[PDB]
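As a starting point, one isolated chain is supplied in structure tokens, in the form deposited in one PDB entry.
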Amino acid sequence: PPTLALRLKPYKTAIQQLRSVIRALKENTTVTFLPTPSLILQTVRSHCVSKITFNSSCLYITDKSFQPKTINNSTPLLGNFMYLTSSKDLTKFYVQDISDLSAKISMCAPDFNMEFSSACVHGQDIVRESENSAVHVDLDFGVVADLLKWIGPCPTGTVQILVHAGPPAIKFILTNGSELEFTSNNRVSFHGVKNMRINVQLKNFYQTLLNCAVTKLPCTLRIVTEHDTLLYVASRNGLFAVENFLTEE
């Protein structure tokens, strides 16, 4: 039977880094297993879609005939499935393709083993789109930390992200009139700017930053204008990538 297995050392590391993100997953959150190999978490919040993709280095695949499987993370009795995989006692975690309609998940710990079969759902894949006029600014981890400390007081209202080109700058404005801005090359890196603004809910922007901050590495911000106005915020390491897509308003 075609088996997709998690490689324990990098997976346990990754899932520990992500523990706070995984604790925050929603009722619609999906988990996708691919023969690539890949594992993808995808979550819809108001005007915000979030995707966590595990690097292939976290997985072992025995047989590429393994059919793609998407399941709900919210599991009838078990609740938050991905949270259970963050158990520090986990010794084995694999998925088997033994029926068309479902995925069979196996997990072990010292003197324990368990299996469950969850119904497959129809997933959507989300692709970061490119546009000729897009803004792209990379933020050092220290900048992300500063934004989080600033915005972290339960966050309400909106944040306006205001970008300038005259000289380059990225500016952040909150509902209460507070403003922070960055111009400085050894703190941020500008890769295409134009005079523009985007307004997003503060709660979503803060959660987005929190999720990206798990890498303790630089985060990429992009803003596009075509299908509509959208803010992309992402970070990654060699174990996983966190990507968020925030729709204006």
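Under this definition, the rigid core comprises the largest set of C-alpha atoms superposing within 1.5 Å between the forms. All residue numbers are counted from 1 along the displayed sequence.
Q: Tell me whether residue 84 is absent from the model in at least one third of the other entries compared, counting only those where the residues either side are present.
A: No, none of the compared structures omit it.
Q: Checking the other compared PDB entries, only those that cover the residues flanking it, does residue 154 lack coordinates in at least one third?
A: In at least a third of the other entries, residue 154 has no coordinates.
Q: What size is the break between residue 153 and residue 154 in terms of deposited sequence residues left without coordinates: none, 1 to 3, 4 to 9, or 10 or more?
A: Gap between residue 153 and residue 154: 10 or more unmodelled residues.
Q: Which has the higher mean CA temperature factor in the PDB entry, 79-87 or 126-134?
A: Per the deposited B-factors, the answer is 126-134.
Q: Higher mean Cα B-factor in the deposited model: 194-202 or 59-67?
A: If you average the C-alpha B-factors of 194-202 and of 59-67, the larger mean comes out for 59-67.
Q: Which one of 230, 24, 234, 239 shows the biggest C-alpha B-factor in the PDB entry?
A: Answer for 230, 24, 234, 239: 24, with the highest C-alpha B-factor.
Q: Highest Cα B-factor in the deposition, which of 38, 50, 215, 186?
A: Going by the entry's C-alpha B-factors, 186 comes out highest.
Q: Within this chain, which third does the Cα B-factor at residue 168 fall in: lowest, middle or highest?
A: For residue 168, whose C-alpha B-factor we compare with every modelled residue in the chain, the answer is the middle third.
Q: If you rank the chain by CA B-factor, which third does residue 107 end up in: lowest, middle or highest?
A: Within its chain, residue 107 is a middle-third residue by C-alpha B-factor, going by the deposited values.
Q: Where does residue 224 sit by CA temperature factor within its chain: lowest, middle or highest third?
A: Highest third.
Q: Which third of the chain does residue 146 land in by C-alpha B-factor: lowest, middle or highest?
A: Tercile = middle for this residue's CA B-factor.
Q: What third of the chain, by the recorded C-alpha B-factor, contains residue 243?
A: According to the entry, residue 243 has a C-alpha B-factor in the chain's lowest third.
Below, we turn to the form deposited with a partner chain bound, even though it does not appear here.
Q: Within 4.5 Å, heavy atoms only: does residue 224 come near its partner chain in the deposited complex?
A: Contact check for residue 224: yes, within 4.5 Å of its partner chain in the deposited complex.
Q: In the deposited complex, is there a heavy atom of its partner chain that lies within 4.5 Å of any heavy atom of residue 192, even though the partner is absent here?
A: Judged by the heavy-atom cut-off of 4.5 Å, residue 192 is well away from its partner chain in the deposited complex.
Q: Can you check whether residue 128 is within 4.5 Å of its partner chain in the deposited complex, heavy atom basis?
A: Looking in the deposited complex, residue contacts with its partner chain include residue 128, since a heavy atom lies within 4.5 Å.
Q: Although the partner isn't part of this model, could you tell me whether residue 22 comes within 4.5 Å of its partner chain in the deposited complex, counting any heavy atom of the residue?
A: Answer no; every heavy atom of residue 22 is more than 4.5 Å from its partner chain in the deposited complex.
Q: Just one stretch in 193-201, 62-70, 180-188, 206-214 has heavy atoms within 4.5 Å of its partner chain in the deposited complex, so which one is it?
A: One stretch meets the cut-off, namely 62-70.
Q: Considering its partner chain in the deposited complex, which of 99, 176, 156, 124 comes within 4.5 Å of it through any heavy atom?
A: Spelling it out, the residue with a heavy atom inside the cut-off is 124.
Q: With the core superposed, find the residue in 145, 126, 84, 162 that moves its CA 2 Å or more between the shown form and the other one.
A: Residue with a C-alpha shift of 2 Å or more: 126.
Q: Closer or farther: how do the CA atoms of residue 213 and residue 123 lie in the deposited complex, compared with the form shown, if the change is at least 3 Å?
A: Their C-alpha distance grows by at least 3 Å in the deposited complex.
Q: Quick one: with a 3 Å or larger change, is the residue 235 to residue 123 CA distance smaller or larger in the deposited complex? Answer closer or farther.
A: Farther apart, by at least 3 Å.
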